[PDB]
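Let me begin by presenting the structure, written as structure tokens, before commenting on it.
The analysis underlying the following values was restricted to heavy atoms, covering all of them including side chains, and did not include hydrogens, waters or symmetry mates. We count ligands from 1, going down the list as the structure has it; atoms in each ligand are counted the same way. In what follows, residues are counted from 1 in the order of the sequence shown.
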Amino acid sequence: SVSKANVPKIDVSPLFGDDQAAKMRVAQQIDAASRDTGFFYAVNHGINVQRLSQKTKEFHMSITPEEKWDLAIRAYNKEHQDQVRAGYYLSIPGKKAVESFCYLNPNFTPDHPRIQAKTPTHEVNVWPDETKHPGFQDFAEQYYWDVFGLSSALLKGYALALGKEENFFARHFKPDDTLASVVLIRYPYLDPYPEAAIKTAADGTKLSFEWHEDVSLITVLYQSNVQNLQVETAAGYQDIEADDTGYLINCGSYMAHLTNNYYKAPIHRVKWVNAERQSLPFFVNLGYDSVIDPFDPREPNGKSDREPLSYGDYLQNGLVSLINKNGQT
Ligand SMILES: CC(C)[C@@H](NC(=O)[C@H](CS)NC(=O)CCC[C@H](N)C(=O)O)C(=O)O
Ligand SMILES: [Fe+2]
């Protein structure tokens, strides 16, 4: 018997406005969700998720093996030593079902100063041929800025929830240097489904991806309407119901660090389900040099003894640790 997680739906529309009391009421709801299971659905968010899902499906279903090799990250193509993050993450027929395409800040061009300096975690996006995938790049870059805007608004809610001025986090989340990424993940229907792609949890549950905390400040996720996520509580894992009109939000481990675990990074995992579906996360990352001094909201003086952590060092170590723990995706 598996219970269902309490995942509230929060109308985030006030976070785009100037009614300050309404924004406080949203912040209270974010606080409550963040101290309970750690997940909530953002509704009334203003993003055209129907077009997002359609354009992503057209891409996943039309790209060919030749194109996948040409876009592949270094894990699948040793010629692409500069693609650690951005590019195509191939499936392996008979062994690995999931495949995905990851892209970063569209402002990271060859002329960008972080690219000129060869700073770790910064890469120039690779894209398919425009003639084979017309309008895909335009759509994907536009989507990045659309979800960037939603994420900026959410960060104002988190700041207010913790008793800070609304730009406390958002001031470090800038178009010129954000390390945020979009991943367009396809989970396919397969018959027979490769047994190598199913992991068995300690409790017997069949999984597609094992337990983890997110490498992010917050994670802003759109998924098609197939139930798959579970969140760990002290009484075991609970199912998160799907909603293909909303964005599922949770904190990552950088938030847990800077709040002395007041807002924990919820541990979650992905159940195996044999269904064609999409999982489209946006990982809200700050800039490479961004540092927020930790504080403890439980203490009157907010004092914390935790060391400030540069976001770049956090991200480089976190991404590698996640690969080592849960596998190359
Ligand atoms: C749980 C979902 C978010 C999704 N899982 C994921 O996206 C998992 C766990 S949060 N995330 C990752 O592998 C990190 C990708 C980081 C990305 N390459 C980058 O360079 O920024 C899934 O559906 O498997
Ligand atoms: Fe995650």
Of all the non-hydrogen atoms in the protein, which one sits nearest to [atom], and at what distance?
atom                    : value
atom 5 (N) of ligand 1  : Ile185 CD1, 4.3 Å
atom 14 (C) of ligand 1 : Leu322 CD2, 3.8 Å
atom 11 (N) of ligand 1 : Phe283 CZ, 3.7 Å
atom 1 (C) of ligand 1  : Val270 CG2, 4.0 Å
atom 16 (C) of ligand 1 : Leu319 CD2, 3.8 Å

Subject >> For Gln223, the option from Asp244, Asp243, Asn228 that meets side chain to side chain donor-acceptor pair (under 3.5 Å) >> reply: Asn228

**OP:** Could you please compute the angle at the Fe ion (ligand 2) from NE2 of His268 to OD1 of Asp214, rounded to 10°?
**Re:** 90°

Contact atoms of ligand 1, heavy-atom distance to [X] under 4.0 Å:
X      : answer
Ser181 : 19 (C), 21 (O)
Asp214 : 10 (S)
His212 : 9 (C), 10 (S)

Original post:
For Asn324, does the CG atom have more than 12 heavy-atom neighbours from other residues, nucleotides or ligands under 6.0 Å away?
Top reply: yes

**OP:** Assess whether atom CD of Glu66 is packed by more than 12 heavy atoms of other residues, nucleotides or ligands within 6.0 Å.
**Re:** no

Original post:
Nearest heavy atom to atom 8 (C) of ligand 1: which of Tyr89, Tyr187, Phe209 does it belong to?
Top reply: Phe209

Original post:
N/O of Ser279 under 3.5 Å from N/O of ligand 1, yes or no?
Top reply: yes

Original post:
For ligand 1, is there an N or O atom under 3.5 Å from any N or O atom of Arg85?
Top reply: yes

Original post:
Between the main-chain N or O of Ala197 and the side-chain N or O of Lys96, is there a donor-acceptor pair closer than 3.5 Å?
Top reply: no

Subject >> Closest non-hydrogen atom pair between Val284 and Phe173, with its separation >> reply: CG1-CE1, 3.8 Å

Original post:
How far apart are the closest heavy atoms of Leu71 and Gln83, and which atoms are they?
Top reply: O-NE2, 3.1 Å

Original post:
Under 4.0 Å between a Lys/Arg side-chain N and an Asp/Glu carboxylate O for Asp203 and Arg269?
Top reply: yes

Original post:
Going by an N to O cut-off under 4.0 Å, is there a salt bridge joining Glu99 and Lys68?
Top reply: yes

**OP:** Check all N, O or S atoms of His212 and name the one closest to the Fe ion (ligand 2).
**Re:** NE2

**OP:** Examine the side chains of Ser100 and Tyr88 and answer whether a donor and an acceptor come within less than 3.5 Å of each other.
**Re:** no

